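Single chain ahead, by itself, as structure tokens, in the form deposited in one PDB entry.
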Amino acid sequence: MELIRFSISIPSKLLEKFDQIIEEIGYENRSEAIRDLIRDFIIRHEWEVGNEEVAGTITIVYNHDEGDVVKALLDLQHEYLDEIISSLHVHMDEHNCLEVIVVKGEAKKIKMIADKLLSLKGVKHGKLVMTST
């Protein structure tokens, strides 16, 4: 079968905006758009990195009042006291926080941590940045 069809649920608001945009862009339907987002994702998450020694920053944005992301983030970070040096936190508003986490370790292990972070429920957005000093 060339196409697998499925459903996903999204908050009305977040959907309204996504729709307004893919409309400006000229997409005919949501499937084309999401398809591309997935394509681009699959690519960026295949640029496999070895086991070098790197220094990075994991920037994240989340709602501290949502689910239990606040603790999941702390518990998860304390698991790696060796790769995680420090973290800068800026309170964006009543609910949202922006956190930058500085790390150093095996480029492969660092990427694993960043992903375990960005994937937690409650983390709205974020990006990893690695660099060999």
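Numbers for residues come from their place in the sequence shown, where the first is 1.
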property	result
Entry-level comparison of average CA B-factors, 89-97 and 43-51, reporting the higher stretch	43-51
Higher-scoring stretch by recorded Cα B factor average, 31-39 or 76-84	76-84
Cα B factor band for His125 (lowest, middle or highest third within the chain)	lowest
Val103 - which third its CA temperature factor falls in, relative to the rest of the chain	lowest
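Omitted from view is the form deposited in another entry, to which the following refers.
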property	result
Rigid-body membership between the shown form and the other one: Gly56 with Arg39	no
Cα-Cα shift for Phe41 and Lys116, closer or farther in the other form, minimum 3 Å	farther
Sense of CA distance change between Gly126 and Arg39 in the other form, threshold 3 Å	farther
